[PDB]
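The data block below is final_29.pdb; it holds PDB, C-alpha atoms and all ligand atoms.
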ATOM      1  CA  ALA S   1     -11.487  -5.116  -0.603
ATOM      2  CA  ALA S   2      -9.094  -6.050  -3.410
ATOM      3  CA  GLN S   3      -5.703  -4.620  -4.370
ATOM      4  CA  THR S   4      -5.010  -5.484  -8.000
ATOM      5  CA  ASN S   5      -1.404  -5.995  -9.125
ATOM      6  CA  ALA S   6      -0.357  -6.243  -5.495
ATOM      7  CA  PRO S   7       3.092  -7.512  -4.491
ATOM      8  CA  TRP S   8       3.172 -11.285  -4.861
ATOM      9  CA  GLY S   9       3.483 -11.672  -1.090
ATOM     10  CA  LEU S  10       0.204  -9.886  -0.399
ATOM     11  CA  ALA S  11      -1.551 -11.890  -3.118
ATOM     12  CA  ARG S  12      -0.081 -15.092  -1.666
ATOM     13  CA  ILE S  13      -1.448 -14.215   1.792
ATOM     14  CA  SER S  14      -4.988 -14.040   0.367
ATOM     15  CA  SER S  15      -4.845 -17.113  -1.887
ATOM     16  CA  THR S  16      -4.722 -20.881  -1.477
ATOM     17  CA  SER S  17      -2.489 -21.112  -4.575
ATOM     18  CA  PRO S  18       0.599 -19.245  -5.801
ATOM     19  CA  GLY S  19       0.799 -17.123  -8.924
ATOM     20  CA  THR S  20      -2.113 -14.792  -8.189
ATOM     21  CA  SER S  21      -1.778 -11.020  -8.485
ATOM     22  CA  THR S  22      -4.664  -9.647  -6.382
ATOM     23  CA  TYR S  23      -4.570  -9.102  -2.614
ATOM     24  CA  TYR S  24      -8.021  -9.771  -1.136
ATOM     25  CA  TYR S  25      -8.582  -8.433   2.365
ATOM     26  CA  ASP S  26     -11.292  -7.180   4.689
ATOM     27  CA  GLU S  27     -11.791  -3.419   4.531
ATOM     28  CA  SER S  28     -11.065  -3.114   8.272
ATOM     29  CA  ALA S  29      -7.412  -3.532   7.228
ATOM     30  CA  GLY S  30      -6.047  -3.727  10.759
ATOM     31  CA  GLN S  31      -7.620  -0.429  11.821
ATOM     32  CA  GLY S  32      -7.473   0.037  15.578
ATOM     33  CA  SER S  33      -4.469  -2.263  15.970
ATOM     34  CA  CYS S  34      -0.847  -1.223  16.249
ATOM     35  CA  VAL S  35       2.411  -2.804  15.162
ATOM     36  CA  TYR S  36       5.736  -1.956  16.767
ATOM     37  CA  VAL S  37       8.443  -2.337  14.120
ATOM     38  CA  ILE S  38      11.631  -3.035  16.072
ATOM     39  CA  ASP S  39      14.406  -2.483  13.532
ATOM     40  CA  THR S  40      16.425   0.369  11.991
ATOM     41  CA  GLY S  41      13.527   2.812  12.412
ATOM     42  CA  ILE S  42      10.785   3.967  10.070
ATOM     43  CA  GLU S  43      10.847   6.882   7.642
ATOM     44  CA  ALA S  44       7.428   7.965   8.884
ATOM     45  CA  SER S  45       7.235  10.708   6.234
ATOM     46  CA  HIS S  46       6.990   8.189   3.379
ATOM     47  CA  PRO S  47       3.670   8.891   1.591
ATOM     48  CA  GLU S  48       2.895   5.161   1.623
ATOM     49  CA  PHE S  49       2.402   5.337   5.403
ATOM     50  CA  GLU S  50      -0.239   8.108   5.119
ATOM     51  CA  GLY S  51       0.841   9.499   8.479
ATOM     52  CA  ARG S  52       0.036   6.196  10.209
ATOM     53  CA  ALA S  53       3.720   5.685  11.094
ATOM     54  CA  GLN S  54       5.877   7.405  13.695
ATOM     55  CA  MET S  55       9.075   6.818  15.625
ATOM     56  CA  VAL S  56       8.527   6.258  19.347
ATOM     57  CA  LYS S  57      12.041   5.315  20.506
ATOM     58  CA  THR S  58      15.609   5.218  19.248
ATOM     59  CA  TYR S  59      18.702   3.792  20.916
ATOM     60  CA  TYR S  60      21.091   5.752  18.697
ATOM     61  CA  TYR S  61      21.882   9.366  17.832
ATOM     62  CA  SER S  62      18.917   9.774  15.465
ATOM     63  CA  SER S  63      15.471   8.231  15.170
ATOM     64  CA  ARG S  64      15.992   8.433  11.401
ATOM     65  CA  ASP S  65      16.077   5.212   9.393
ATOM     66  CA  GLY S  66      19.402   5.620   7.625
ATOM     67  CA  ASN S  67      19.420   1.973   6.517
ATOM     68  CA  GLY S  68      16.016   1.319   4.923
ATOM     69  CA  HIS S  69      15.414  -2.124   6.433
ATOM     70  CA  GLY S  70      13.021  -0.907   9.123
ATOM     71  CA  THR S  71      11.103   1.221   6.629
ATOM     72  CA  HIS S  72      10.844  -1.794   4.314
ATOM     73  CA  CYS S  73       9.441  -4.008   7.077
ATOM     74  CA  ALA S  74       7.053  -1.285   8.258
ATOM     75  CA  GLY S  75       5.853  -0.963   4.673
ATOM     76  CA  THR S  76       5.112  -4.680   4.468
ATOM     77  CA  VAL S  77       3.174  -4.443   7.744
ATOM     78  CA  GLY S  78       0.942  -1.536   6.840
ATOM     79  CA  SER S  79       1.911   0.703   3.949
ATOM     80  CA  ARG S  80      -0.889   1.561   1.539
ATOM     81  CA  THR S  81       0.551  -0.282  -1.469
ATOM     82  CA  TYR S  82       2.818  -2.901   0.132
ATOM     83  CA  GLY S  83       1.155  -3.530   3.506
ATOM     84  CA  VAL S  84      -0.893  -6.426   4.831
ATOM     85  CA  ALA S  85      -2.745  -4.257   7.381
ATOM     86  CA  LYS S  86      -3.177  -1.064   5.378
ATOM     87  CA  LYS S  87      -4.890   0.852   8.215
ATOM     88  CA  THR S  88      -2.847  -0.311  11.208
ATOM     89  CA  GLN S  89      -0.801   2.135  13.258
ATOM     90  CA  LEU S  90       2.971   1.760  12.950
ATOM     91  CA  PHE S  91       5.380   2.551  15.791
ATOM     92  CA  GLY S  92       9.099   2.507  15.043
ATOM     93  CA  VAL S  93      11.622   1.328  17.623
ATOM     94  CA  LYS S  94      15.176   1.791  16.336
ATOM     95  CA  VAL S  95      17.261  -0.880  18.059
ATOM     96  CA  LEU S  96      19.490  -1.390  14.991
ATOM     97  CA  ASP S  97      21.944   1.216  13.741
ATOM     98  CA  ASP S  98      22.043   2.428  10.145
ATOM     99  CA  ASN S  99      24.361  -0.483   9.291
ATOM    100  CA  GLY S 100      21.579  -2.883  10.312
ATOM    101  CA  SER S 101      23.341  -4.155  13.442
ATOM    102  CA  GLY S 102      22.416  -3.774  17.089
ATOM    103  CA  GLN S 103      23.819  -5.067  20.358
ATOM    104  CA  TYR S 104      21.750  -7.615  22.251
ATOM    105  CA  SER S 105      21.332  -5.382  25.308
ATOM    106  CA  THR S 106      19.889  -2.733  22.984
ATOM    107  CA  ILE S 107      17.476  -5.190  21.355
ATOM    108  CA  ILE S 108      16.405  -6.368  24.820
ATOM    109  CA  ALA S 109      15.839  -2.763  25.912
ATOM    110  CA  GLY S 110      13.675  -2.080  22.862
ATOM    111  CA  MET S 111      11.493  -5.094  23.626
ATOM    112  CA  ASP S 112      11.051  -4.000  27.247
ATOM    113  CA  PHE S 113      10.230  -0.503  25.986
ATOM    114  CA  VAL S 114       7.480  -1.830  23.708
ATOM    115  CA  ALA S 115       6.014  -3.854  26.583
ATOM    116  CA  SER S 116       5.643  -0.638  28.593
ATOM    117  CA  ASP S 117       5.048   1.926  25.834
ATOM    118  CA  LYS S 118       1.958   0.081  24.577
ATOM    119  CA  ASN S 119       0.233   0.976  27.857
ATOM    120  CA  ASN S 120       0.097   4.655  26.810
ATOM    121  CA  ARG S 121      -1.127   4.016  23.246
ATOM    122  CA  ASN S 122      -4.739   3.685  22.086
ATOM    123  CA  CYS S 123      -4.690   0.272  20.384
ATOM    124  CA  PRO S 124      -8.155  -1.143  21.091
ATOM    125  CA  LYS S 125      -7.785  -4.089  18.702
ATOM    126  CA  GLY S 126      -4.415  -5.172  20.108
ATOM    127  CA  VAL S 127      -0.664  -4.798  19.808
ATOM    128  CA  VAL S 128       1.778  -6.578  17.489
ATOM    129  CA  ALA S 129       5.579  -6.455  17.429
ATOM    130  CA  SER S 130       7.655  -7.327  14.355
ATOM    131  CA  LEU S 131      11.269  -8.255  15.139
ATOM    132  CA  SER S 132      12.997  -8.527  11.754
ATOM    133  CA  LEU S 133      16.367  -9.056  13.416
ATOM    134  CA  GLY S 134      18.360 -11.653  15.325
ATOM    135  CA  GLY S 135      21.740 -13.289  15.762
ATOM    136  CA  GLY S 136      23.195 -16.217  17.650
ATOM    137  CA  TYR S 137      21.350 -17.923  20.472
ATOM    138  CA  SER S 138      20.888 -15.815  23.597
ATOM    139  CA  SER S 139      18.866 -16.849  26.632
ATOM    140  CA  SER S 140      18.414 -13.178  27.559
ATOM    141  CA  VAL S 141      17.220 -12.182  24.078
ATOM    142  CA  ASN S 142      14.800 -15.123  24.135
ATOM    143  CA  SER S 143      13.610 -14.113  27.606
ATOM    144  CA  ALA S 144      13.047 -10.543  26.410
ATOM    145  CA  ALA S 145      10.926 -11.752  23.486
ATOM    146  CA  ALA S 146       8.987 -14.020  25.854
ATOM    147  CA  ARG S 147       8.374 -11.118  28.248
ATOM    148  CA  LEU S 148       7.079  -8.990  25.369
ATOM    149  CA  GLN S 149       4.744 -11.801  24.300
ATOM    150  CA  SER S 150       3.670 -12.431  27.904
ATOM    151  CA  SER S 151       2.903  -8.717  28.336
ATOM    152  CA  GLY S 152       0.129  -9.062  25.742
ATOM    153  CA  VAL S 153       1.905  -8.302  22.446
ATOM    154  CA  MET S 154       1.810 -10.635  19.457
ATOM    155  CA  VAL S 155       5.538 -11.066  18.816
ATOM    156  CA  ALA S 156       6.615 -12.178  15.345
ATOM    157  CA  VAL S 157      10.334 -12.826  14.867
ATOM    158  CA  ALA S 158      12.443 -13.838  11.890
ATOM    159  CA  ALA S 159      13.704 -17.409  11.789
ATOM    160  CA  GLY S 160      16.964 -16.088  10.330
ATOM    161  CA  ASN S 161      18.695 -16.317   6.956
ATOM    162  CA  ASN S 162      21.314 -18.980   7.725
ATOM    163  CA  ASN S 163      19.673 -21.967   5.964
ATOM    164  CA  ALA S 164      20.103 -23.794   9.278
ATOM    165  CA  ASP S 165      17.951 -24.851  12.203
ATOM    166  CA  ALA S 166      16.544 -21.772  13.933
ATOM    167  CA  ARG S 167      17.231 -23.419  17.319
ATOM    168  CA  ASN S 168      20.669 -21.739  17.367
ATOM    169  CA  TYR S 169      19.368 -18.203  16.795
ATOM    170  CA  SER S 170      17.640 -15.615  18.970
ATOM    171  CA  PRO S 171      14.965 -14.462  19.293
ATOM    172  CA  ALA S 172      14.009 -17.063  16.668
ATOM    173  CA  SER S 173      14.448 -19.955  19.111
ATOM    174  CA  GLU S 174      12.152 -18.601  21.855
ATOM    175  CA  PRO S 175       9.133 -20.950  21.798
ATOM    176  CA  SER S 176       6.456 -18.538  23.053
ATOM    177  CA  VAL S 177       6.781 -16.088  20.127
ATOM    178  CA  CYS S 178       5.809 -16.783  16.511
ATOM    179  CA  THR S 179       8.947 -17.613  14.529
ATOM    180  CA  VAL S 180       8.543 -16.894  10.816
ATOM    181  CA  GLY S 181      10.334 -18.612   7.953
ATOM    182  CA  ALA S 182      10.499 -17.330   4.386
ATOM    183  CA  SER S 183       9.038 -18.691   1.151
ATOM    184  CA  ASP S 184       9.332 -17.547  -2.463
ATOM    185  CA  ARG S 185       6.651 -16.946  -5.082
ATOM    186  CA  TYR S 186       6.751 -20.575  -6.280
ATOM    187  CA  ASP S 187       5.872 -21.951  -2.813
ATOM    188  CA  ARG S 188       9.397 -23.128  -2.072
ATOM    189  CA  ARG S 189      11.167 -22.435   1.179
ATOM    190  CA  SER S 190      13.484 -19.516   0.494
ATOM    191  CA  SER S 191      17.015 -20.778  -0.099
ATOM    192  CA  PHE S 192      18.290 -18.763   2.881
ATOM    193  CA  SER S 193      15.371 -19.406   5.233
ATOM    194  CA  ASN S 194      16.107 -21.068   8.544
ATOM    195  CA  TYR S 195      13.985 -24.071   9.487
ATOM    196  CA  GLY S 196      13.495 -26.399  12.447
ATOM    197  CA  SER S 197      10.788 -27.378  14.888
ATOM    198  CA  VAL S 198      10.748 -23.905  16.465
ATOM    199  CA  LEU S 199       9.255 -22.425  13.287
ATOM    200  CA  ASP S 200       5.540 -21.691  13.584
ATOM    201  CA  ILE S 201       4.697 -20.346  10.127
ATOM    202  CA  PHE S 202       6.148 -19.329   6.762
ATOM    203  CA  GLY S 203       5.589 -16.006   5.057
ATOM    204  CA  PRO S 204       6.550 -14.476   1.715
ATOM    205  CA  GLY S 205      10.193 -13.574   2.145
ATOM    206  CA  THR S 206      11.910 -13.656  -1.256
ATOM    207  CA  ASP S 207      11.826 -10.618  -3.576
ATOM    208  CA  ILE S 208       9.474  -8.562  -1.405
ATOM    209  CA  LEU S 209       8.649  -5.106  -2.743
ATOM    210  CA  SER S 210       8.029  -2.521  -0.024
ATOM    211  CA  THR S 211       8.869   1.023   1.030
ATOM    212  CA  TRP S 212      12.432   2.296   1.254
ATOM    213  CA  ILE S 213      14.066   5.417   2.627
ATOM    214  CA  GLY S 214      14.095   8.528   0.489
ATOM    215  CA  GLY S 215      10.436   8.011  -0.393
ATOM    216  CA  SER S 216      11.426   5.174  -2.728
ATOM    217  CA  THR S 217      10.734   1.433  -2.920
ATOM    218  CA  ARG S 218      12.832  -1.663  -3.486
ATOM    219  CA  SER S 219      12.561  -5.443  -3.439
ATOM    220  CA  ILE S 220      14.697  -7.391  -0.954
ATOM    221  CA  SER S 221      14.723 -10.910   0.469
ATOM    222  CA  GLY S 222      15.003 -12.416   3.929
ATOM    223  CA  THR S 223      13.013 -13.938   6.747
ATOM    224  CA  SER S 224      13.086 -10.311   7.884
ATOM    225  CA  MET S 225      10.642  -9.763   4.994
ATOM    226  CA  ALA S 226       8.404 -12.699   5.923
ATOM    227  CA  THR S 227       8.028 -11.533   9.532
ATOM    228  CA  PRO S 228       6.121  -8.279   8.770
ATOM    229  CA  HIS S 229       3.697 -10.280   6.618
ATOM    230  CA  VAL S 230       2.771 -12.436   9.622
ATOM    231  CA  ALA S 231       2.695  -9.418  11.945
ATOM    232  CA  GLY S 232       0.528  -7.465   9.525
ATOM    233  CA  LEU S 233      -1.678 -10.550   9.288
ATOM    234  CA  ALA S 234      -1.926 -10.754  13.088
ATOM    235  CA  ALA S 235      -2.886  -7.075  13.280
ATOM    236  CA  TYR S 236      -5.358  -7.706  10.455
ATOM    237  CA  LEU S 237      -6.881 -10.729  12.197
ATOM    238  CA  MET S 238      -6.952  -9.047  15.613
ATOM    239  CA  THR S 239      -8.868  -6.082  14.188
ATOM    240  CA  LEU S 240     -11.354  -8.622  12.799
ATOM    241  CA  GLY S 241     -11.783 -10.044  16.308
ATOM    242  CA  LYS S 242     -10.752 -13.497  15.089
ATOM    243  CA  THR S 243      -7.881 -13.878  17.574
ATOM    244  CA  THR S 244      -5.969 -12.221  20.405
ATOM    245  CA  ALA S 245      -2.290 -11.410  20.840
ATOM    246  CA  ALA S 246      -1.647 -14.480  22.999
ATOM    247  CA  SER S 247      -3.361 -16.786  20.481
ATOM    248  CA  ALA S 248      -2.674 -15.162  17.091
ATOM    249  CA  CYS S 249       0.386 -17.369  16.577
ATOM    250  CA  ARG S 250      -1.625 -20.584  16.838
ATOM    251  CA  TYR S 251      -4.637 -19.139  15.006
ATOM    252  CA  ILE S 252      -2.429 -18.177  12.057
ATOM    253  CA  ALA S 253      -0.938 -21.676  12.077
ATOM    254  CA  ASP S 254      -4.470 -23.040  12.539
ATOM    255  CA  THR S 255      -5.698 -21.259   9.402
ATOM    256  CA  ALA S 256      -2.530 -21.436   7.291
ATOM    257  CA  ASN S 257      -2.150 -23.037   3.878
ATOM    258  CA  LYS S 258      -0.936 -26.543   4.721
ATOM    259  CA  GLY S 259       1.476 -28.651   2.688
ATOM    260  CA  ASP S 260       1.831 -26.059  -0.082
ATOM    261  CA  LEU S 261       5.556 -25.446   0.451
ATOM    262  CA  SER S 262       8.391 -27.473  -1.050
ATOM    263  CA  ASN S 263      11.868 -28.115   0.372
ATOM    264  CA  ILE S 264      10.461 -28.153   3.914
ATOM    265  CA  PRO S 265      12.773 -30.494   5.877
ATOM    266  CA  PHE S 266      11.118 -33.141   8.026
ATOM    267  CA  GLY S 267      10.320 -31.714  11.452
ATOM    268  CA  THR S 268       9.526 -28.220  10.146
ATOM    269  CA  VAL S 269       5.910 -27.113   9.842
ATOM    270  CA  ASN S 270       4.551 -26.842   6.302
ATOM    271  CA  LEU S 271       2.321 -23.829   6.909
ATOM    272  CA  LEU S 272       1.995 -20.660   4.828
ATOM    273  CA  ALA S 273       0.390 -17.541   6.304
ATOM    274  CA  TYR S 274      -3.112 -17.112   4.906
ATOM    275  CA  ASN S 275      -5.911 -14.689   5.755
ATOM    276  CA  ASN S 276      -8.798 -16.979   4.650
ATOM    277  CA  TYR S 277     -10.634 -13.937   3.311
ATOM    278  CA  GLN S 278     -13.841 -14.664   1.408
ATOM    279  CA  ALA S 279     -15.997 -12.048  -0.314
TER
HETATM  280 CA    CA F 301       6.300 -20.448  18.711
END

Can you turn what I pasted into structure tokens?
Amino acid sequence: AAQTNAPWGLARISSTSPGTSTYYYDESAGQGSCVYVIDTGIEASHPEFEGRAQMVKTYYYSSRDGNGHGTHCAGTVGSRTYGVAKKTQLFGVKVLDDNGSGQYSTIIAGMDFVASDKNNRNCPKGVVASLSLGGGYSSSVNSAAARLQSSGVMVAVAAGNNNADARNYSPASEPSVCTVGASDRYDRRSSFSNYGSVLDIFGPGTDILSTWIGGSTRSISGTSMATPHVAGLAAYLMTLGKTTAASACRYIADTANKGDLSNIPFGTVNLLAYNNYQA
């Protein structure tokens, strides 16, 4: 399958070089997998989700995404136009309020919820979780992300937008999950993107067009935008039977575009998420 005039991030995921405009992907498109988007919620009614999205848990007064961030990330995971895995099932877990902030105990609770809630969903190809959030280092937040990964969920987390080493940020610094940095359309590390040895992979994170609340769309930047690319890719690769949840992190790093990124500090991996599609 080929999506012409796709967002640059999708085209980047399916190409060894930057500057392309077509997203090439296998028609399976992550069908049979599921991705928990743990953020501000998902506007499941957005036509781009085609009814494949739904809220499963909120830790606030409404399950409604009043911010737009969670809808944007869910769109990059699996919306029709802006999604990596265009047939994956999206589950929204609203651990962040409509101002985009959420207490650590709430984020931990949402991760524990996903670890249990997946046991009553039909996700034969596997389960992914996209955590486009984070703050300062927390051993308990890291432990919660590790538990979610240990429970059999491919956990992708944002490295953070501090232009610092991700070692001081959670859940970015938890080793067992896949920590995602951000790159721009010219194969540079995004100016804001965190780095460090804890990073596993880079994804398109600068000027990412995706869904927004109110049935609209908008382009925003952040490692929070790179994370759903990697999670959508994991759901895409798991549906293809190429990897499992416990190994998708290394498989994606195994098959990434190597050395293509600039301004990667020494000690940070130079790997760009890549689906290695050929047809
Ligand atoms: Ca890791």

Residues near stretch 117-130 of chain S, cut-off 10 Å, only C-alpha atoms, skip fewer than 4 positions along chain, as a PyMOL selection string: chain S and resi 30-39+56-57+70+73-74+77+88-93+110-113+145+148-149+151-158+178+224+227-241+243-245+248

If you keep C-alpha atoms, can you produce a file of those selected residues as a PDB file, keeping the file's coordinate frame?
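Written output follows (part-v8.pdb):
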ATOM      1  CA  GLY S  30      -6.047  -3.727  10.759  1.00  0.00           C
ATOM      2  CA  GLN S  31      -7.620  -0.429  11.821  1.00  0.00           C
ATOM      3  CA  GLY S  32      -7.473   0.037  15.578  1.00  0.00           C
ATOM      4  CA  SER S  33      -4.469  -2.263  15.970  1.00  0.00           C
ATOM      5  CA  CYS S  34      -0.847  -1.223  16.249  1.00  0.00           C
ATOM      6  CA  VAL S  35       2.411  -2.804  15.162  1.00  0.00           C
ATOM      7  CA  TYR S  36       5.736  -1.956  16.767  1.00  0.00           C
ATOM      8  CA  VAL S  37       8.443  -2.337  14.120  1.00  0.00           C
ATOM      9  CA  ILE S  38      11.631  -3.035  16.072  1.00  0.00           C
ATOM     10  CA  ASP S  39      14.406  -2.483  13.532  1.00  0.00           C
ATOM     11  CA  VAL S  56       8.527   6.258  19.347  1.00  0.00           C
ATOM     12  CA  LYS S  57      12.041   5.315  20.506  1.00  0.00           C
ATOM     13  CA  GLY S  70      13.021  -0.907   9.123  1.00  0.00           C
ATOM     14  CA  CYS S  73       9.441  -4.008   7.077  1.00  0.00           C
ATOM     15  CA  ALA S  74       7.053  -1.285   8.258  1.00  0.00           C
ATOM     16  CA  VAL S  77       3.174  -4.443   7.744  1.00  0.00           C
ATOM     17  CA  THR S  88      -2.847  -0.311  11.208  1.00  0.00           C
ATOM     18  CA  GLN S  89      -0.801   2.135  13.258  1.00  0.00           C
ATOM     19  CA  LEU S  90       2.971   1.760  12.950  1.00  0.00           C
ATOM     20  CA  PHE S  91       5.380   2.551  15.791  1.00  0.00           C
ATOM     21  CA  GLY S  92       9.099   2.507  15.043  1.00  0.00           C
ATOM     22  CA  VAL S  93      11.622   1.328  17.623  1.00  0.00           C
ATOM     23  CA  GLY S 110      13.675  -2.080  22.862  1.00  0.00           C
ATOM     24  CA  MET S 111      11.493  -5.094  23.626  1.00  0.00           C
ATOM     25  CA  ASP S 112      11.051  -4.000  27.247  1.00  0.00           C
ATOM     26  CA  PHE S 113      10.230  -0.503  25.986  1.00  0.00           C
ATOM     27  CA  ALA S 145      10.926 -11.752  23.486  1.00  0.00           C
ATOM     28  CA  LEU S 148       7.079  -8.990  25.369  1.00  0.00           C
ATOM     29  CA  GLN S 149       4.744 -11.801  24.300  1.00  0.00           C
ATOM     30  CA  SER S 151       2.903  -8.717  28.336  1.00  0.00           C
ATOM     31  CA  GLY S 152       0.129  -9.062  25.742  1.00  0.00           C
ATOM     32  CA  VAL S 153       1.905  -8.302  22.446  1.00  0.00           C
ATOM     33  CA  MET S 154       1.810 -10.635  19.457  1.00  0.00           C
ATOM     34  CA  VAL S 155       5.538 -11.066  18.816  1.00  0.00           C
ATOM     35  CA  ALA S 156       6.615 -12.178  15.345  1.00  0.00           C
ATOM     36  CA  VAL S 157      10.334 -12.826  14.867  1.00  0.00           C
ATOM     37  CA  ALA S 158      12.443 -13.838  11.890  1.00  0.00           C
ATOM     38  CA  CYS S 178       5.809 -16.783  16.511  1.00  0.00           C
ATOM     39  CA  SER S 224      13.086 -10.311   7.884  1.00  0.00           C
ATOM     40  CA  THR S 227       8.028 -11.533   9.532  1.00  0.00           C
ATOM     41  CA  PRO S 228       6.121  -8.279   8.770  1.00  0.00           C
ATOM     42  CA  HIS S 229       3.697 -10.280   6.618  1.00  0.00           C
ATOM     43  CA  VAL S 230       2.771 -12.436   9.622  1.00  0.00           C
ATOM     44  CA  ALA S 231       2.695  -9.418  11.945  1.00  0.00           C
ATOM     45  CA  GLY S 232       0.528  -7.465   9.525  1.00  0.00           C
ATOM     46  CA  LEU S 233      -1.678 -10.550   9.288  1.00  0.00           C
ATOM     47  CA  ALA S 234      -1.926 -10.754  13.088  1.00  0.00           C
ATOM     48  CA  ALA S 235      -2.886  -7.075  13.280  1.00  0.00           C
ATOM     49  CA  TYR S 236      -5.358  -7.706  10.455  1.00  0.00           C
ATOM     50  CA  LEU S 237      -6.881 -10.729  12.197  1.00  0.00           C
ATOM     51  CA  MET S 238      -6.952  -9.047  15.613  1.00  0.00           C
ATOM     52  CA  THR S 239      -8.868  -6.082  14.188  1.00  0.00           C
ATOM     53  CA  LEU S 240     -11.354  -8.622  12.799  1.00  0.00           C
ATOM     54  CA  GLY S 241     -11.783 -10.044  16.308  1.00  0.00           C
ATOM     55  CA  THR S 243      -7.881 -13.878  17.574  1.00  0.00           C
ATOM     56  CA  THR S 244      -5.969 -12.221  20.405  1.00  0.00           C
ATOM     57  CA  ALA S 245      -2.290 -11.410  20.840  1.00  0.00           C
ATOM     58  CA  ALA S 248      -2.674 -15.162  17.091  1.00  0.00           C
TER      59      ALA S 248
END

With the file shown as input, list the residues that the PyMOL selection byres (((chain S and resi 95) around 9) and not hetatm) selects, as a PDB file with C-alpha atoms, in the coordinates of the input.
ATOM      1  CA  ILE S  38      11.631  -3.035  16.072  1.00  0.00           C
ATOM      2  CA  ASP S  39      14.406  -2.483  13.532  1.00  0.00           C
ATOM      3  CA  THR S  40      16.425   0.369  11.991  1.00  0.00           C
ATOM      4  CA  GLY S  41      13.527   2.812  12.412  1.00  0.00           C
ATOM      5  CA  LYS S  57      12.041   5.315  20.506  1.00  0.00           C
ATOM      6  CA  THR S  58      15.609   5.218  19.248  1.00  0.00           C
ATOM      7  CA  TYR S  59      18.702   3.792  20.916  1.00  0.00           C
ATOM      8  CA  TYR S  60      21.091   5.752  18.697  1.00  0.00           C
ATOM      9  CA  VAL S  93      11.622   1.328  17.623  1.00  0.00           C
ATOM     10  CA  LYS S  94      15.176   1.791  16.336  1.00  0.00           C
ATOM     11  CA  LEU S  96      19.490  -1.390  14.991  1.00  0.00           C
ATOM     12  CA  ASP S  97      21.944   1.216  13.741  1.00  0.00           C
ATOM     13  CA  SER S 101      23.341  -4.155  13.442  1.00  0.00           C
ATOM     14  CA  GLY S 102      22.416  -3.774  17.089  1.00  0.00           C
ATOM     15  CA  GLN S 103      23.819  -5.067  20.358  1.00  0.00           C
ATOM     16  CA  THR S 106      19.889  -2.733  22.984  1.00  0.00           C
ATOM     17  CA  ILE S 107      17.476  -5.190  21.355  1.00  0.00           C
ATOM     18  CA  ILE S 108      16.405  -6.368  24.820  1.00  0.00           C
ATOM     19  CA  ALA S 109      15.839  -2.763  25.912  1.00  0.00           C
ATOM     20  CA  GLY S 110      13.675  -2.080  22.862  1.00  0.00           C
TER      21      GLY S 110
END

Given the choices S:217, S:255, S:173, S:206, which gets closest to ligand CA 301 (chain F) if the distance is worked out from all atoms listed in the file?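 For ligand CA 301 (chain F), the nearest of the candidates is S:173.
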
Got a sec to resolve the PyMOL selection byres (((not hetatm)) within 10 of (chain F and resi 301)) on this structure and send the residues as a ChimeraX atom specification? /S:146,155-157,172-180,197-201,249-250,253

How would you write, as a PyMOL selection string, the residues chosen by the PyMOL selection byres (((chain S and resi 262-265) around 10) and not hetatm) on this structure? chain S and resi 165+183+186-191+195-197+259-261+266-271

Write out as a list in words the residues lying within 6 Å of residue S:11, counting all atoms listed in the file and excluding same-chain residues fewer than 5 positions away.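 Once the adjacent positions are removed, what remains is residues 20, 21, 22 and 23 of chain S.
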
Which distance in Å separates atom CA of residue S:147 and atom CA of residue S:181, to one decimal?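 Computing it gives 21.7 Å between the two atoms.
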
Atom CA of residue S:10 to atom CA of residue S:68, distance in Å rounded to a single decimal: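 These two atoms are separated by 20.1 Å.
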
Counting all atoms listed in the file, which of S:2, S:209, S:273, S:182 gets nearest to residue S:26?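 So, comparing all the options, the nearest one is S:2.
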
When you count all atoms listed in the file, which of these residues is closest to residue S:170: S:194, S:142, S:28, S:45? S:142

Skipping near chain neighbours, those fewer than 2 positions away, what residues fall within 8 Å of residue S:49 using only C-alpha atoms, listed as a list in words?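 The residues that qualify are residues 44, 45, 46, 47, 51, 52, 53, 75, 78, 79 and 80 of chain S.
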
Select, from S:67, S:168, S:15, S:5, the residue with the minimum atom-to-atom distance to residue S:135, counting all atoms listed in the file. S:168

What gap, in Å, lies between atom CA of residue S:6 and atom CA of residue S:69?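 Between atom CA of residue S:6 and atom CA of residue S:69 the gap works out to 20.2 Å.
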
Using all atoms listed in the file, list the residues that have an atom at most 6 Å from (8.9, -11.3, 2.7), coordinates as in the file, as a VMD selection string. chain S and resid 204 to 206 208 225 to 226

Contacts of residue S:24 at 10 Å or less, counting only C-alpha atoms, minus same-chain residues fewer than 6 places along, as a list in words?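 Those residues are residues 1, 2, 3, 4, 6, 10, 11, 12, 13, 14, 15, 84, 275, 276, 277, 278 and 279 of chain S.
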